[PDB]
Amino acid sequence: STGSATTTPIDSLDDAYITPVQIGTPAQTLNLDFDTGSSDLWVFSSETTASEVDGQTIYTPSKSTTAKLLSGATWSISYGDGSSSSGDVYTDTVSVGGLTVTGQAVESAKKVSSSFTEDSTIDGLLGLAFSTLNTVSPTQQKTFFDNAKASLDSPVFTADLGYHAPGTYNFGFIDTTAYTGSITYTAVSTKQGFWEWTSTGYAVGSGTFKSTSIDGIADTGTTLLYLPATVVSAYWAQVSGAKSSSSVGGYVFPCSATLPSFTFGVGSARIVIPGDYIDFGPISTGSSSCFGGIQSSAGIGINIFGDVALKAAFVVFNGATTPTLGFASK
């Protein structure tokens, strides 16, 4: 089998992407944030504290003839950005772009933190990291991809995120028309539960490539590119008027400035992030100070190849017995 779904930015900055997902019978369609940095499929629901729901579409398990309580199961998650949610669990039928999994764990939120409530466009998350990170207790549950894997034509999914435009998540096949050149594959460590890999280096604009190992995660659920402070400083030093602002919480720059591209290495191959992809607009409405899309990972504890980086590439998440990651230009 295969599936193919369009993913759409939630706003004009590509702060996140939402993909429609069918849950239950008859189908209830919710717009979920596909997140290769976590492993829970959780939704706003009829069980979510009323005061914490503000415009989201909810899953109502009592209206699904295929929903079954996963008796005794609870879940609770906290994300790198400080947000969180928790609740109980049903199993139900879940379809993404034509690909159907029966018996998928659908984690129903009883509580969500303010950032989730405040984002009307995201009805929940669909985790695509390794199932070892799933938070359901007492019986850890499998991701949508893990459940689908054996039925897929090939045990892969791909992320093709757009810049200020829709893109595509495919399951079970590689669309050879969606990228230019070849796909370069690189080793993955699953030891922390992430799609963790090692970039071979970077360049800033037309500058010479610096060969240096940068361990990080391919994370569709993180907006920006977070790299070591040395790398990030080298980038922003090439932008007139850029500075790190402790009050704002990262590098800012005047929008009158031209942003150089940023290149990262995948083996001997190179992915070029155009300068425009690094502009996240005014820090506040009307401000001449713009927020940068490359920021320091210092104190995150891990480097994160988030949407800024991934949307510059066609990315293969290869879930073969020994997982790997593939990157192509596009």
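Residues numbered from 1 in each chain as written, not as in the entry; some residues may be left out. Heavy atoms only, no water. Residues with missing side-chain atoms left out of burial classes, pairs and counts.

Structure determination for this PDB entry is given in the record as X-ray crystallography, at a resolution of 1.4470 Å.

Q: Mind laying out unusual backbone geometry, listing which residues take part and the relevant values?
A: That bond from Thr-25 to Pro-26 is cis: its omega, -10 degrees, falls within 30 degrees of zero. One can find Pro-26 in the loop between strand 2 (17-23) and strand 3 (28-35). Look at the link from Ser-137 to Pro-138: it is a cis peptide, with omega at 5 degrees. Relative to the helices and strands, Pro-138 is located in the loop between strand 8 (124-127) and helix 2 (144-148). In this structure, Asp-14 is a non-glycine residue whose phi angle is positive, near 60 degrees. Its location among the elements puts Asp-14 in the loop between strand 1 (3-9) and strand 2. Although it is not a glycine, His-164 sits at a positive phi angle of roughly 50 degrees. Position of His-164 relative to the elements: it lies in the loop between strand 9 (156-160) and strand 10 (167-171). On the basis of relative accessible area, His-164 is assigned to the partly exposed category, the value being 43%. (Helix = DSSP H or I, 4+ residues; strand = E, 2+ residues; numbered from the N terminus. Buried < 20%, exposed > 50% of the residue type's maximum accessible area, 1.4 Å probe, protein only.)

Q: Tell me about the UniProt feature "disulfide bond" in the protein chain, and name the residues and values.
A: Between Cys-255 and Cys-290, for which a disulfide is recorded in UniProt, an S-S distance of 2.0 Å is seen, short enough (under 2.5 Å) for the bond to be assigned. Residue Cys-255 is located in the loop between strand 16 (250-254) and strand 17 (262-266), and its partner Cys-290 is located in strand 20 (residues 289-292); the two are separated by 35 residues in the primary sequence. Note on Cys-255: relative accessible area 39%, which makes it partly exposed. Judged by relative accessible area, which is 3%, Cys-290 ranks as buried. (Disulfide = S-S within 2.5 Å. UniProt positions renumbered as here; feature names shortened; annotations may be inferred.)

Q: With reference to specific residues and values, describe the pattern of salt bridges.
A: Summed over all chains, the structure comprises 2 salt bridges. For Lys-311, the salt bridge goes to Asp-14, with nearest N and O atoms at 2.7 Å. Pair noted here: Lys-311 is in the loop between helix 4 (307-310) and strand 23 (314-318) and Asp-14 is in the loop between strand 1 and strand 2, with a separation of 297 residues, a long-range link. (Salt bridge = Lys/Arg side-chain N within 4 Å of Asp/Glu carboxyl O.)

Q: Run through the nonpolar core, naming residues and quoting values.
A: Ranked by internal contacts, the top residues of the largest apolar core, which has 69 residues, are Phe-171, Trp-236, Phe-262, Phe-264, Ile-273 and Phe-327. Here the element with the most residues in this core is helix 3 (residues 229-236); it accounts for 4 residues. The residues that make up this core include at least three from each of domain 1 (5-174) and domain 2 (175-330). Apart from the residues within four sequence positions on either side, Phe-327 is in contact with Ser-182, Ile-183, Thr-184, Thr-186, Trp-197, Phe-264, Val-266, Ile-271, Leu-310, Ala-313, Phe-314 and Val-315. Formed by 16 residues, the second largest nonpolar core is a distinct cluster that contains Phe-44, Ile-77, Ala-105 and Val-112. (Core = buried A, V, L, I, M, F, W, Y, C linked by side-chain atoms within 4.5 Å. Domains from an automatic or database assignment. Contact = heavy atoms within 4.5 Å.)

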